[PDB]
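One file, target_37.cif, is given below (mmCIF, C-alpha atoms).
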data_my_file
loop_
_atom_site.label_atom_id
_atom_site.label_comp_id
_atom_site.auth_asym_id
_atom_site.auth_seq_id
_atom_site.Cartn_x
_atom_site.Cartn_y
_atom_site.Cartn_z
CA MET A 1 96.27 83.95 95.82
CA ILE A 2 97.82 85.78 92.83
CA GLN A 3 98.64 89.02 94.70
CA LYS A 4 101.28 91.79 94.51
CA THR A 5 100.42 95.26 95.93
CA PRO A 6 100.10 97.95 93.21
CA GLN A 7 102.14 101.15 93.04
CA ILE A 8 100.29 104.37 92.29
CA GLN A 9 101.47 107.70 90.92
CA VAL A 10 99.15 110.58 90.06
CA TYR A 11 100.32 113.50 87.93
CA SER A 12 99.48 115.85 85.06
CA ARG A 13 100.92 115.43 81.57
CA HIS A 14 102.08 119.04 81.42
CA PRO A 15 103.29 121.32 84.23
CA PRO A 16 99.99 122.64 85.74
CA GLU A 17 98.67 126.18 85.32
CA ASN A 18 95.33 127.10 86.94
CA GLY A 19 92.57 127.34 84.36
CA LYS A 20 94.44 125.59 81.54
CA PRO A 21 93.49 122.32 79.79
CA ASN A 22 95.87 119.60 81.00
CA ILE A 23 95.64 115.81 81.31
CA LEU A 24 95.69 113.99 84.65
CA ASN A 25 97.19 110.53 84.89
CA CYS A 26 96.96 107.61 87.29
CA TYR A 27 99.89 105.30 86.63
CA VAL A 28 99.27 102.00 88.40
CA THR A 29 101.80 99.19 88.33
CA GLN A 30 103.12 96.03 89.94
CA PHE A 31 99.71 94.35 90.34
CA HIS A 32 98.46 90.84 89.68
CA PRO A 33 95.98 89.52 88.65
CA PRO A 34 95.58 92.03 85.86
CA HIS A 35 91.91 92.60 86.82
CA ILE A 36 91.79 96.00 88.56
CA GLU A 37 89.27 98.82 89.18
CA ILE A 38 90.47 102.41 88.78
CA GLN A 39 88.46 105.57 89.53
CA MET A 40 89.49 109.17 88.96
CA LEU A 41 87.89 111.47 91.54
CA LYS A 42 87.39 115.25 91.38
CA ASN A 43 86.47 116.58 94.81
CA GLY A 44 85.65 113.04 95.89
CA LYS A 45 83.23 112.81 92.95
CA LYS A 46 83.77 110.00 90.41
CA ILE A 47 84.95 111.41 87.07
CA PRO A 48 83.32 110.04 83.90
CA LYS A 49 84.80 108.77 80.64
CA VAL A 50 88.18 108.02 82.29
CA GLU A 51 90.21 106.42 79.52
CA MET A 52 92.44 103.43 80.35
CA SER A 53 95.50 102.34 78.38
CA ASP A 54 95.90 98.85 76.90
CA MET A 55 97.27 96.34 79.40
CA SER A 56 100.88 95.29 79.30
CA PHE A 57 102.96 93.41 81.80
CA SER A 58 106.64 93.43 82.74
CA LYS A 59 109.49 90.92 82.82
CA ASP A 60 108.49 90.06 86.39
CA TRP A 61 105.01 89.11 85.14
CA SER A 62 103.37 91.98 87.07
CA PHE A 63 101.03 94.23 85.05
CA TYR A 64 100.80 97.99 84.64
CA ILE A 65 98.25 100.40 83.17
CA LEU A 66 97.77 104.13 82.60
CA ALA A 67 94.39 105.65 83.42
CA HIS A 68 93.84 109.21 82.32
CA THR A 69 91.25 111.90 81.80
CA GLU A 70 91.33 115.48 80.57
CA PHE A 71 90.88 118.21 83.17
CA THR A 72 91.45 121.87 83.99
CA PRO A 73 93.17 122.49 87.36
CA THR A 74 92.25 125.34 89.70
CA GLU A 75 93.29 126.42 93.19
CA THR A 76 90.56 124.70 95.18
CA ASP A 77 89.62 121.58 93.22
CA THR A 78 91.19 118.41 94.50
CA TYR A 79 91.73 115.36 92.31
CA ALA A 80 92.81 111.84 93.22
CA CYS A 81 92.89 108.23 92.08
CA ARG A 82 91.17 105.33 93.81
CA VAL A 83 92.25 101.78 93.05
CA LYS A 84 90.67 98.54 94.22
CA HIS A 85 92.71 95.39 93.63
CA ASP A 86 92.49 91.95 95.25
CA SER A 87 95.93 92.40 96.79
CA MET A 88 94.72 95.15 99.11
CA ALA A 89 92.19 94.43 101.86
CA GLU A 90 90.72 97.78 100.87
CA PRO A 91 90.72 100.32 98.03
CA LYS A 92 93.57 102.81 98.12
CA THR A 93 93.07 106.47 97.24
CA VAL A 94 95.94 108.85 96.46
CA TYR A 95 95.57 112.57 95.92
CA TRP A 96 97.25 114.65 93.25
CA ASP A 97 99.84 117.09 94.58
CA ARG A 98 100.69 119.45 91.73
CA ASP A 99 104.36 119.59 92.93
CA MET A 100 104.91 115.86 92.34
CA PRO B 1 121.69 94.70 71.05
CA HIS B 2 118.30 94.33 69.34
CA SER B 3 115.65 91.85 70.53
CA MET B 4 112.15 90.56 69.93
CA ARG B 5 109.49 89.38 72.38
CA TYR B 6 105.83 88.30 72.47
CA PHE B 7 104.09 88.78 75.81
CA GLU B 8 100.98 86.65 75.89
CA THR B 9 98.24 86.57 78.49
CA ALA B 10 95.05 84.60 78.94
CA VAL B 11 92.86 85.23 81.99
CA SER B 12 89.77 83.26 83.06
CA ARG B 13 86.88 84.96 84.84
CA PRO B 14 83.66 83.77 86.49
CA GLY B 15 80.74 84.01 84.10
CA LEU B 16 79.65 82.75 80.70
CA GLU B 17 82.51 84.44 78.85
CA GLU B 18 85.53 82.45 77.53
CA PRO B 19 88.89 83.69 78.81
CA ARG B 20 90.36 86.82 77.27
CA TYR B 21 93.54 86.38 75.22
CA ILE B 22 95.98 89.21 74.77
CA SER B 23 99.27 89.14 72.89
CA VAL B 24 101.71 92.00 72.63
CA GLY B 25 104.76 92.06 70.40
CA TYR B 26 107.94 94.04 70.91
CA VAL B 27 110.99 94.95 68.84
CA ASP B 28 113.80 96.50 70.89
CA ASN B 29 111.41 97.08 73.81
CA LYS B 30 108.92 98.96 71.61
CA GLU B 31 105.37 97.65 71.04
CA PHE B 32 104.68 97.03 67.35
CA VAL B 33 101.82 94.51 67.17
CA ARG B 34 99.04 93.62 69.62
CA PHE B 35 96.11 91.21 69.71
CA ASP B 36 93.10 91.23 72.04
CA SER B 37 90.27 88.67 71.94
CA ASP B 38 87.97 91.31 73.45
CA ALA B 39 88.17 93.41 70.31
CA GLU B 40 85.10 93.78 68.11
CA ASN B 41 87.17 92.08 65.41
CA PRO B 42 90.07 90.14 66.95
CA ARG B 43 93.11 90.65 64.74
CA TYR B 44 96.78 91.51 65.10
CA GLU B 45 97.21 95.22 64.45
CA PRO B 46 100.07 97.71 63.73
CA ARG B 47 101.47 99.39 66.82
CA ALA B 48 104.31 101.24 65.14
CA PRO B 49 104.27 103.19 61.88
CA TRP B 50 106.85 100.95 60.14
CA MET B 51 104.68 97.83 60.40
CA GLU B 52 102.30 99.47 57.95
CA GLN B 53 104.52 98.26 55.13
CA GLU B 54 103.29 94.71 55.71
CA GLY B 55 100.67 93.30 53.36
CA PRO B 56 97.34 91.71 54.34
CA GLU B 57 98.64 88.17 54.13
CA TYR B 58 101.10 88.99 56.89
CA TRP B 59 98.30 90.20 59.15
CA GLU B 60 96.07 87.30 58.16
CA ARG B 61 98.94 84.89 58.83
CA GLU B 62 99.86 86.21 62.29
CA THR B 63 96.19 86.58 63.19
CA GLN B 64 95.75 82.87 62.50
CA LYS B 65 98.61 81.97 64.86
CA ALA B 66 96.77 84.29 67.22
CA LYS B 67 93.53 82.34 66.88
CA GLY B 68 95.47 79.13 67.50
CA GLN B 69 97.24 80.36 70.65
CA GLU B 70 93.86 81.31 72.09
CA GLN B 71 92.65 77.72 72.09
CA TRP B 72 96.10 76.64 73.26
CA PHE B 73 95.77 78.93 76.30
CA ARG B 74 92.10 78.14 76.89
CA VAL B 75 92.97 74.45 76.84
CA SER B 76 96.16 74.84 78.91
CA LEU B 77 94.28 76.98 81.39
CA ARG B 78 91.92 74.04 81.84
CA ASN B 79 94.76 71.56 82.34
CA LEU B 80 96.26 73.72 85.10
CA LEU B 81 93.11 73.66 87.28
CA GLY B 82 93.33 69.89 87.20
CA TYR B 83 97.00 69.82 88.11
CA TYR B 84 96.49 72.16 91.05
CA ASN B 85 93.08 70.79 91.99
CA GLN B 86 91.54 74.29 91.86
CA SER B 87 87.85 75.21 91.65
CA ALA B 88 85.63 76.61 88.89
CA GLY B 89 84.39 79.84 90.44
CA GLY B 90 87.47 82.05 90.36
CA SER B 91 89.96 83.63 87.99
CA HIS B 92 93.38 82.50 86.92
CA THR B 93 96.25 83.96 84.93
CA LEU B 94 98.54 82.19 82.50
CA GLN B 95 101.32 84.28 80.95
CA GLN B 96 103.96 83.55 78.31
CA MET B 97 107.17 85.26 77.23
CA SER B 98 109.19 84.11 74.24
CA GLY B 99 111.66 85.76 71.90
CA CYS B 100 115.27 86.21 70.78
CA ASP B 101 118.08 88.66 71.51
CA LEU B 102 120.51 89.67 68.77
CA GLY B 103 123.85 91.40 69.12
CA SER B 104 124.81 94.48 67.13
CA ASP B 105 126.37 92.01 64.68
CA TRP B 106 122.91 90.51 64.08
CA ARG B 107 124.03 87.25 65.72
CA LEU B 108 121.67 85.37 68.04
CA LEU B 109 122.72 85.59 71.70
CA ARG B 110 119.86 83.81 73.44
CA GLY B 111 116.42 82.30 72.99
CA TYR B 112 113.52 82.79 75.41
CA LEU B 113 110.52 80.58 76.14
CA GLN B 114 108.97 80.69 79.60
CA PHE B 115 105.54 80.60 81.24
CA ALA B 116 103.92 81.66 84.49
CA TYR B 117 100.70 80.66 86.26
CA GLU B 118 99.10 83.04 88.74
CA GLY B 119 102.10 85.31 88.16
CA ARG B 120 104.66 82.79 89.43
CA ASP B 121 107.21 80.97 87.23
CA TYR B 122 105.76 77.70 85.95
CA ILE B 123 107.98 76.24 83.22
CA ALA B 124 110.82 77.54 81.03
CA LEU B 125 113.04 76.31 78.21
CA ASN B 126 116.68 76.45 79.26
CA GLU B 127 119.37 78.42 77.43
CA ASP B 128 120.41 75.35 75.48
CA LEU B 129 116.95 75.38 73.91
CA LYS B 130 116.94 71.64 74.76
CA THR B 131 116.09 71.11 78.43
CA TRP B 132 113.30 72.38 80.67
CA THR B 133 113.15 73.91 84.15
CA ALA B 134 109.89 73.22 86.00
CA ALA B 135 109.14 75.34 89.08
CA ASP B 136 106.74 73.12 91.07
CA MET B 137 105.09 69.70 91.19
CA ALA B 138 102.56 70.71 88.53
CA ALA B 139 105.37 71.97 86.32
CA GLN B 140 106.82 68.45 86.43
CA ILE B 141 103.81 67.00 84.60
CA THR B 142 104.11 69.57 81.81
CA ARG B 143 107.87 68.97 81.61
CA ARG B 144 107.38 65.24 81.03
CA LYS B 145 104.55 65.81 78.58
CA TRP B 146 106.79 68.14 76.52
CA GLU B 147 109.92 66.01 76.83
CA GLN B 148 108.04 62.99 75.42
CA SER B 149 106.43 65.04 72.63
CA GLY B 150 109.73 66.68 71.79
CA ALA B 151 108.49 70.23 72.17
CA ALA B 152 111.89 71.82 72.85
CA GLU B 153 113.21 71.16 69.34
CA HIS B 154 110.27 72.97 67.84
CA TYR B 155 110.35 76.15 69.96
CA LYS B 156 114.10 76.08 69.40
CA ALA B 157 113.40 76.07 65.66
CA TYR B 158 111.26 79.18 65.91
CA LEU B 159 113.83 80.90 68.15
CA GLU B 160 116.96 80.28 66.09
CA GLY B 161 115.07 80.70 62.82
CA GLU B 162 111.79 82.58 62.42
CA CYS B 163 112.56 84.81 65.39
CA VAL B 164 115.94 85.88 63.94
CA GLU B 165 114.75 85.92 60.33
CA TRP B 166 111.77 88.18 60.93
CA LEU B 167 113.36 90.43 63.60
CA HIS B 168 116.09 91.44 61.16
CA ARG B 169 113.35 92.06 58.61
CA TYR B 170 111.68 94.44 61.08
CA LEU B 171 114.80 96.33 62.15
CA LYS B 172 115.52 96.88 58.47
CA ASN B 173 112.11 98.52 58.03
CA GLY B 174 112.07 100.36 61.34
CA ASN B 175 115.64 101.26 62.35
CA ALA B 176 115.06 104.88 61.29
CA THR B 177 112.10 105.02 63.68
CA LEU B 178 113.61 103.04 66.58
CA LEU B 179 116.83 105.09 66.64
CA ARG B 180 114.58 108.15 67.02
CA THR B 181 115.07 109.89 70.39
CA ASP B 182 113.45 112.78 72.28
CA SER B 183 115.68 115.10 74.29
CA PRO B 184 114.38 115.81 77.78
CA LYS B 185 113.43 119.37 78.72
CA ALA B 186 114.34 120.30 82.30
CA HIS B 187 113.59 122.95 84.91
CA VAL B 188 113.76 123.28 88.70
CA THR B 189 110.86 123.99 91.05
CA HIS B 190 111.01 125.56 94.49
CA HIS B 191 108.78 124.33 97.35
CA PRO B 192 108.33 125.64 100.93
CA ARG B 193 108.91 122.19 102.43
CA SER B 194 110.08 123.75 105.74
CA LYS B 195 111.26 126.83 107.47
CA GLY B 196 114.92 127.36 107.52
CA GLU B 197 114.79 124.66 104.86
CA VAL B 198 113.18 124.06 101.49
CA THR B 199 112.76 121.63 98.59
CA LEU B 200 114.08 121.88 95.04
CA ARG B 201 112.70 119.45 92.49
CA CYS B 202 114.52 118.89 89.24
CA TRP B 203 112.12 118.07 86.47
CA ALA B 204 112.88 116.07 83.33
CA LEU B 205 110.00 116.06 80.82
CA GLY B 206 108.99 114.68 77.43
CA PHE B 207 112.00 112.47 76.73
CA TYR B 208 112.30 109.18 74.81
CA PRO B 209 113.46 106.43 75.51
CA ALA B 210 112.73 106.06 79.22
CA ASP B 211 116.35 105.66 80.31
CA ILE B 212 117.48 108.81 82.05
CA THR B 213 119.51 109.86 85.07
CA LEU B 214 119.08 112.80 87.39
CA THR B 215 121.73 114.08 89.78
CA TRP B 216 122.10 116.91 92.28
CA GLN B 217 125.37 118.49 93.40
CA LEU B 218 126.47 121.39 95.57
CA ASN B 219 129.33 122.30 93.22
CA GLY B 220 131.27 119.10 93.73
CA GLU B 221 129.79 116.13 95.60
CA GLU B 222 126.61 114.59 94.19
CA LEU B 223 123.82 114.62 96.79
CA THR B 224 122.77 110.98 97.25
CA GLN B 225 121.71 111.81 100.80
CA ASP B 226 118.27 113.34 101.41
CA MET B 227 117.45 113.03 97.74
CA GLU B 228 114.09 111.81 96.56
CA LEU B 229 113.60 110.10 93.21
CA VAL B 230 110.40 108.83 91.53
CA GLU B 231 109.99 105.87 89.17
CA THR B 232 110.05 107.05 85.53
CA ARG B 233 106.47 107.82 84.54
CA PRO B 234 104.83 107.90 81.10
CA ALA B 235 103.24 111.22 80.11
CA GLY B 236 100.66 109.37 78.08
CA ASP B 237 101.87 110.70 74.72
CA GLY B 238 104.77 108.30 74.20
CA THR B 239 107.41 110.33 76.06
CA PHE B 240 108.33 109.96 79.76
CA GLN B 241 108.85 112.06 82.89
CA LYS B 242 110.92 111.97 86.07
CA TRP B 243 112.07 114.23 88.85
CA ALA B 244 114.46 114.24 91.75
CA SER B 245 114.72 116.59 94.67
CA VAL B 246 116.74 117.46 97.74
CA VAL B 247 116.13 119.39 100.93
CA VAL B 248 118.03 122.65 100.74
CA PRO B 249 118.68 125.36 103.35
CA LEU B 250 116.46 128.34 102.50
CA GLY B 251 118.34 131.13 100.77
CA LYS B 252 121.04 128.67 99.65
CA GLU B 253 119.01 127.16 96.77
CA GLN B 254 120.70 128.81 93.79
CA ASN B 255 123.92 127.09 94.87
CA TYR B 256 122.76 123.54 94.16
CA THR B 257 122.90 122.28 90.61
CA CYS B 258 121.03 119.58 88.72
CA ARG B 259 122.28 117.42 85.83
CA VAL B 260 120.28 115.42 83.28
CA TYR B 261 121.90 112.45 81.47
CA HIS B 262 119.92 111.14 78.46
CA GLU B 263 121.03 109.62 75.14
CA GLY B 264 119.28 112.35 73.15
CA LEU B 265 121.21 115.39 74.41
CA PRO B 266 124.18 116.69 72.43
CA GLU B 267 125.35 116.84 76.04
CA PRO B 268 123.94 116.43 79.60
CA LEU B 269 121.67 119.27 80.70
CA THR B 270 122.73 121.37 83.66
CA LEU B 271 120.44 123.77 85.49
CA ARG B 272 119.55 125.39 88.81
CA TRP B 273 116.82 127.32 90.62
CA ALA C 1 106.40 86.85 63.71
CA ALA C 2 104.75 85.22 66.69
CA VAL C 3 105.60 81.83 68.13
CA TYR C 4 103.09 78.99 67.74
CA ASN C 5 103.03 76.63 70.74
CA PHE C 6 103.24 72.86 70.42
CA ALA C 7 102.06 70.42 73.10
CA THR C 8 99.58 72.00 75.52
CA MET C 9 100.45 72.30 79.18
#
Let me see the structure of the file written as structure tokens.
Amino acid sequence: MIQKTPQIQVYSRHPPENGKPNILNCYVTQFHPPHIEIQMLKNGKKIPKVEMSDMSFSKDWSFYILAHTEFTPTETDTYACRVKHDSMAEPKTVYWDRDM
Amino acid sequence: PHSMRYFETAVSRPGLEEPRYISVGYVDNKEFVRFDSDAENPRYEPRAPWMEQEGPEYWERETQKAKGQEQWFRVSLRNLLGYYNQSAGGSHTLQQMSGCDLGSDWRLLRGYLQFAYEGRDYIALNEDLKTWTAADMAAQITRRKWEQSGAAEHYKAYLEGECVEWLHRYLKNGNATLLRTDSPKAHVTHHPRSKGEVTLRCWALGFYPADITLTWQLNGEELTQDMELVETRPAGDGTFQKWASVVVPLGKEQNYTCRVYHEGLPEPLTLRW
Amino acid sequence: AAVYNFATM
């Protein structure tokens, strides 16, 4: 009873290049309450030590946060972000498409 | 058109833990001080290099207001459950926004003091810094409480005084930093998005502040049709990103042109596949 | 400088 469906964007910090250290981000926004669970998957496998940014909200009271983790992209590995928030009857997963 | 805000949040959660209190301060949209009750040592801390000119008494002073607000939110959070007749096993959110906007002439344009419960407007001080606007039936009880205690004249004091006083003081110390910009770097990517057709994505990377504008044009008319644009995203290092694209008939790509408008470029970037 | 609230809600 404090809902607002979150918006998710997944992308690297630098233009990708197979075999090169880059940083993957999961930018989640427009959610309320601020309590949210974010997982960074690599081939459907939960990634450890995923750092989260400090929480800030916007003029519309909704909150936003940046989850990130270091990683080295390849040609076969798939990455994605899974978010569970009380405004979605189910967790939402979104894959990383290196051209977006 | 400088400004100063303090975004405060206190959320209650099931368990033995007291609600978390988080306050974030901003000067011209940039974070410069933050306070989290979940820290190992709750204290207001520097969030911009310029604030490191402030002595310990400043930090100790603000931190003490911090400590006070915590109780104020913890207590207020409790009064809300009563008003709304809610139960003890859930979680609630109480947010506050307050601050002052200054013109380029350093003159106060408007004061801000508003609160939300569960992410919905609850109560707000009007622009005359004298009367209140209460959103619902609960809000009415707070309005009366504050009208009888004469709260408006005291937030008004902070807004026309301390808020203006100190904000100038900050701008003075951090104008050199604030004014600082980061020119975007752009390039265009080609993607097979169809046969006979294709997709061109114009990338804008590592620019600061966030404000930017991307356009596409086939030598002449800007392509608003069939153009895709993404919300500006942070790169995680302070700078931001953004891209825009358009479907383009294969083999005709090098004829479309992209333009990047950002306040840090000696002039708008222009590129193509 | 942060605000300091007066009457509670």
Checklist entry - Could you write out as a PyMOL selection string the residues that the PyMOL selection byres ((chain B and resi 155) around 8) matches in the shown file? => result (chain B and resi 113+129+151-154+156-159) or (chain C and resi 3+5-6)
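The result of the PyMOL selection byres ((chain B) within 8 of (chain A)) on the shown file is residues 7, 24, 92, 93, 95, 116, 118, 119, 120, 191, 233, 234, 235 and 236 of chain B.
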Output C-alpha atoms of each residue in that selection to a file, as a PDB file, in the coordinates of the input.
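Now in again32.pdb:
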ATOM      1  CA  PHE B   7     104.090  88.780  75.810  1.00  0.00           C
ATOM      2  CA  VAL B  24     101.710  92.000  72.630  1.00  0.00           C
ATOM      3  CA  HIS B  92      93.380  82.500  86.920  1.00  0.00           C
ATOM      4  CA  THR B  93      96.250  83.960  84.930  1.00  0.00           C
ATOM      5  CA  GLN B  95     101.320  84.280  80.950  1.00  0.00           C
ATOM      6  CA  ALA B 116     103.920  81.660  84.490  1.00  0.00           C
ATOM      7  CA  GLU B 118      99.100  83.040  88.740  1.00  0.00           C
ATOM      8  CA  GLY B 119     102.100  85.310  88.160  1.00  0.00           C
ATOM      9  CA  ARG B 120     104.660  82.790  89.430  1.00  0.00           C
ATOM     10  CA  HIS B 191     108.780 124.330  97.350  1.00  0.00           C
ATOM     11  CA  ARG B 233     106.470 107.820  84.540  1.00  0.00           C
ATOM     12  CA  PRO B 234     104.830 107.900  81.100  1.00  0.00           C
ATOM     13  CA  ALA B 235     103.240 111.220  80.110  1.00  0.00           C
ATOM     14  CA  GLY B 236     100.660 109.370  78.080  1.00  0.00           C
TER      15      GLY B 236
END
Checklist entry - When the PyMOL selection byres ((chain A and resi 42) around 7) is applied to the file above, which residues end up in the set, as an MDAnalysis selection string? => result chainID A and resid 40:41 43:47 77:80
Could you turn the residues from that selection into a file that holds C-alpha atoms, as a PDB file, in the frame of the given file?
ATOM      1  CA  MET A  40      89.490 109.170  88.960  1.00  0.00           C
ATOM      2  CA  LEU A  41      87.890 111.470  91.540  1.00  0.00           C
ATOM      3  CA  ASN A  43      86.470 116.580  94.810  1.00  0.00           C
ATOM      4  CA  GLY A  44      85.650 113.040  95.890  1.00  0.00           C
ATOM      5  CA  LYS A  45      83.230 112.810  92.950  1.00  0.00           C
ATOM      6  CA  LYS A  46      83.770 110.000  90.410  1.00  0.00           C
ATOM      7  CA  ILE A  47      84.950 111.410  87.070  1.00  0.00           C
ATOM      8  CA  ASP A  77      89.620 121.580  93.220  1.00  0.00           C
ATOM      9  CA  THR A  78      91.190 118.410  94.500  1.00  0.00           C
ATOM     10  CA  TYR A  79      91.730 115.360  92.310  1.00  0.00           C
ATOM     11  CA  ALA A  80      92.810 111.840  93.220  1.00  0.00           C
TER      12      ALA A  80
END
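Rounded to one decimal, atom CA of residue 273 of chain B and atom CA of residue 97 of chain A lie 20.2 Å from each other.
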Expected axis-aligned box over every listed atom of chain C, 6 Å added per side, centre plus edges in Å to one decimal, as AutoDock Vina command-line options:
--center_x 103.0 --center_y 78.6 --center_z 71.4 --size_x 18.8 --size_y 28.4 --size_z 27.5
Checklist outcome for this item: Expressed in Å, the length from atom CA of residue 241 of chain B to atom CA of residue 48 of chain B is 21.3 Å
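Interatomic distance, atom CA of residue 121 of chain B against atom CA of residue 135 of chain B: 6.2 Å.
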Next on the checklist: List the spatial neighbours of residue 102 of chain B as a ChimeraX atom specification - criterion: any atom at most 12 Å away, only C-alpha atoms, same-chain residues fewer than 5 positions off excluded.
Outcome noted: /B:1-5,27-28,107-112,159-160,163-168,171
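Using only C-alpha atoms, the protein and nucleic acid residues lying no more than 7 Å from residue 70 of chain B, apart from those fewer than 4 places from it along its own chain, are residues 21, 66 and 74 of chain B.
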Next on the checklist: Residues near residue 271 of chain B, anyone? I mean within 8 Å using only C-alpha atoms, not counting same-chain ones fewer than 5 positions away, as a ChimeraX atom specification.
Outcome noted: /B:186-188,257-259
Next on the checklist: Can you pull out the residues contacting residue 220 of chain B? Cut-off 12 Å, using all atoms listed in the file, and skip same-chain residues under 2 positions away; I want them as a PyMOL selection string.
Outcome noted: chain B and resi 215-218+222-223+255-258
Closest contacts (chain B/chain C, max 8 Å, all atoms listed in the file) as a Markdown table:
| residue | atom | partner | partner_atom | distance |
| --- | --- | --- | --- | --- |
| B:6 | CA | C:2 | CA | 6.6 |
| B:25 | CA | C:2 | CA | 7.8 |
| B:62 | CA | C:2 | CA | 6.7 |
| B:65 | CA | C:4 | CA | 6.1 |
| B:68 | CA | C:4 | CA | 7.6 |
| B:69 | CA | C:4 | CA | 6.7 |
| B:72 | CA | C:8 | CA | 6.2 |
| B:73 | CA | C:8 | CA | 7.9 |
| B:75 | CA | C:8 | CA | 7.2 |
| B:76 | CA | C:9 | CA | 5.0 |
| B:79 | CA | C:9 | CA | 6.6 |
| B:80 | CA | C:9 | CA | 7.4 |
| B:98 | CA | C:3 | CA | 7.4 |
| B:142 | CA | C:9 | CA | 5.3 |
| B:145 | CA | C:7 | CA | 7.6 |
| B:146 | CA | C:7 | CA | 6.3 |
| B:149 | CA | C:7 | CA | 6.9 |
| B:151 | CA | C:6 | CA | 6.1 |
| B:154 | CA | C:6 | CA | 7.5 |
| B:155 | CA | C:5 | CA | 7.4 |
| B:158 | CA | C:3 | CA | 6.6 |
| B:162 | CA | C:1 | CA | 7.0 |
| B:163 | CA | C:1 | CA | 6.7 |
| B:166 | CA | C:1 | CA | 6.2 |
| B:167 | CA | C:1 | CA | 7.8 |
Checklist entry - Can you list, as a ChimeraX atom specification, every protein, DNA or RNA residue that comes within 8 Å of residue 34 of chain B when you count all atoms listed in the file, leaving out same-chain residues fewer than 5 positions away? => result /B:22-25,44-47
Just segment 46-62 of chain B, please, as a tab-separated table (two decimals), in the first residue's frame (only N, CA and C atoms).
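Here's the written file part35.tsv:
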chain	number	residue	atom	x	y	z
B	46	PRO	N	30.97	14.91	4.75
B	46	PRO	CA	31.24	15.65	3.51
B	46	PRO	C	30.96	14.82	2.28
B	47	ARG	N	30.19	15.37	1.35
B	47	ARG	CA	29.85	14.66	0.13
B	47	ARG	C	30.32	15.40	-1.11
B	48	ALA	N	31.10	16.44	-0.87
B	48	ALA	CA	31.67	17.27	-1.93
B	48	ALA	C	32.97	17.77	-1.36
B	49	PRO	N	34.01	17.86	-2.19
B	49	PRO	CA	35.31	18.35	-1.71
B	49	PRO	C	35.28	19.70	-0.97
B	50	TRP	N	34.52	20.67	-1.47
B	50	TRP	CA	34.50	21.98	-0.81
B	50	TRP	C	34.04	22.01	0.65
B	51	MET	N	33.19	21.08	1.04
B	51	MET	CA	32.70	21.04	2.42
B	51	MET	C	33.78	20.65	3.42
B	52	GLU	N	34.95	20.31	2.92
B	52	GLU	CA	36.05	19.92	3.78
B	52	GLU	C	36.82	21.14	4.24
B	53	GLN	N	36.16	22.29	4.24
B	53	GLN	CA	36.79	23.52	4.68
B	53	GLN	C	36.15	23.83	6.04
B	54	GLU	N	35.04	23.14	6.30
B	54	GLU	CA	34.27	23.29	7.53
B	54	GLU	C	34.94	22.64	8.73
B	55	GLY	N	34.96	23.36	9.85
B	55	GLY	CA	35.58	22.84	11.06
B	55	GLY	C	34.72	21.81	11.76
B	56	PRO	N	35.26	21.15	12.78
B	56	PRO	CA	34.54	20.12	13.54
B	56	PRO	C	33.27	20.60	14.22
B	57	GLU	N	33.24	21.85	14.65
B	57	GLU	CA	32.05	22.33	15.34
B	57	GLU	C	30.87	22.40	14.38
B	58	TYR	N	31.15	22.58	13.10
B	58	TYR	CA	30.09	22.62	12.11
B	58	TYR	C	29.50	21.22	12.04
B	59	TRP	N	30.36	20.22	11.86
B	59	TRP	CA	29.90	18.84	11.79
B	59	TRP	C	29.18	18.44	13.07
B	60	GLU	N	29.77	18.76	14.21
B	60	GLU	CA	29.15	18.44	15.48
B	60	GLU	C	27.79	19.13	15.59
B	61	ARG	N	27.71	20.37	15.13
B	61	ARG	CA	26.45	21.10	15.21
B	61	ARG	C	25.36	20.42	14.37
B	62	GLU	N	25.62	20.27	13.08
B	62	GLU	CA	24.65	19.64	12.17
B	62	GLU	C	24.30	18.23	12.64
